[PDB]
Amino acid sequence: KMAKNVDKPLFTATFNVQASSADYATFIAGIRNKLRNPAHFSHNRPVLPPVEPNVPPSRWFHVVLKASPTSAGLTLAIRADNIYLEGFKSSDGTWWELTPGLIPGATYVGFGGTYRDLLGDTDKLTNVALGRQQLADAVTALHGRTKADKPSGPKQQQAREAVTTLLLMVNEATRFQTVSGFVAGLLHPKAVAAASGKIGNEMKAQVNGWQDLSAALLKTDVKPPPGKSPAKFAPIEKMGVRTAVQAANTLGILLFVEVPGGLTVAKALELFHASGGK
């Protein structure tokens, strides 16, 4: 069935694309903070609540990206359970969606939301230029989209690149301190030359293995069976992550994963609701 409450965000995070590096870090930190299950941290990193079983996706938040403090922003509709971008709202009021039939009253943008859909391959992630101008152009491209505009291959290619830019600079930055830190480091005052950069293979591997890295750290919290030794972190070498300390410094917020001996979906949602979570 269709998603619910896409129009009723649990919170809205706003960033002015011309704002400082520190304000970008505050913006990303605040998203993580509002997404977290207050009852579930791992090594002092927040864990998302589980995905609600046996209902359509019904927990959403909004990100608003502004070209200026007084500009109307581009609104992104993102799932609050797995931080998946599914919709965006252009200046003419049109909700555009990345999955056909998912969001009530939305218009399908013409391409899917996966990196395979956007890039052709999750390996081209290391080709995406990240920076302040790239962010501004991305907001402009998507915010400027109009329903009435006739179909265009070049316009589609622009939109795909724009969505990819935001996924890395918003969604992946939320998920990963490596990514958020990399992006914040490219953001400078106007007295500094315009800058951009591209992620390396470690951050590409992290982005492509968010569930794996999350589960790997979560397993370390599991109380060990009688007669056996407590679980040690298992390095994911492609991610450049070899210790739990490195995992914690890497993870911005963990995807909930059921690991043997860990919290179940039901139990983790129970603790989430008990701590005031919605």
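Each residue number is its position in the shown sequence, starting from 1.
Taking the mean C-alpha B-factor of each stretch as recorded, 5-13 and 18-26 are not equal, and the higher mean is that of 5-13. Here the stretch with the larger average CA B-factor, out of 50-58 and 212-220, is 50-58.
Out of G252, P230, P38, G240, it is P230 whose C-alpha atom has the highest B-factor in the PDB entry. Annotation for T164, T174, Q206, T146: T146 ranks highest, by Cα B-factor.
The deposited CA B-factor of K155 belongs to the highest third of values across its chain. When all modelled residues of the chain are sorted by CA temperature factor, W95 is found within the highest third.
Ranked against the other modelled residues of its chain, the C-alpha B-factor of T178 as given in the entry falls in the lowest third. Sort the modelled residues of the chain by CA B factor and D117 lands in the highest third. Ranked by C-alpha B-factor against the other modelled residues of its chain, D137 falls in the middle third.
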